[PDB]
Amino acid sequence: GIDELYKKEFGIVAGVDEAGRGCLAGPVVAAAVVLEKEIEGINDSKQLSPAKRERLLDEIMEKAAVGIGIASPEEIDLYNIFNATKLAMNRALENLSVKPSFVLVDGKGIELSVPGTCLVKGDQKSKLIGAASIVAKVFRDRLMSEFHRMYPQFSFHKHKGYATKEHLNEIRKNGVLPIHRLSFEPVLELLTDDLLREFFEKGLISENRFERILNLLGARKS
């Protein structure tokens, strides 16, 4: 009832959610969704099965206005994952062709460029948020698969860059990449300033990012 209630009062309402807070590699992805038609079975995203999420997606993209926003591994390393997530969400809102007057954002502590409110477990209280969580996850899983193709030695298509045993194995065996979040503890502990300087000289990371991670390596660790 959330959505409809908020629509009476505010007009165009979008639901916003992100995917990729907790992984070790790749961008964080956010989606903003405005939806008027009914879509049955929207219940969350991490609550669903991959087969299902693909089914609801096809219907969500038929019936809903969607905006997708991304913040890169560099932005995560420089701004932290909270601020990177906020940025991806604000970018999702900009990418929505329909301009929302109010937003419902999954989680808490988040104020976007559009006035709205935060719902803990929003993904299971709101259909709009539930839809956004599906779009976010699916779209990001698509990007991650694309990386596996770019980095054949890494099973990105399976673990989606999260800290699974297999992913950690691949990092030790194959080495840290620029798409890893170099500020994240497990990646940071396998890094050397040697490889970091190599990334920089090859131009694979920015100076600002080089500088930040070099400082973190030094602080590693008391």
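Quick note: we count residues from 1 along the sequence shown, nothing fancier.
When the mean C-alpha temperature factors of 139 to 147 and 86 to 94 are read from the deposited coordinates, 139 to 147 comes out higher. The stretch with the higher mean CA B factor, choosing between 27 to 35 and 55 to 63, is 55 to 63. Ranking 109, 130, 116, 73 by Cα temperature factor from the entry places 109 first. Considering 42, 196, 163, 176 together, the PDB entry gives 42 the largest C-alpha B factor. Sort the modelled residues of the chain by CA B factor and residue 188 lands in the middle third. In the deposited entry, the Cα temperature factor of residue 120 places it in the highest third of its chain's modelled residues. Sorting the modelled residues of the chain by their CA temperature factor places residue 203 in the highest third. Among all modelled residues in its chain, residue 20 ranks in the lowest third by Cα B-factor. Per the PDB record, residue ranking by Cα B-factor puts residue 126 in the middle third of the chain.
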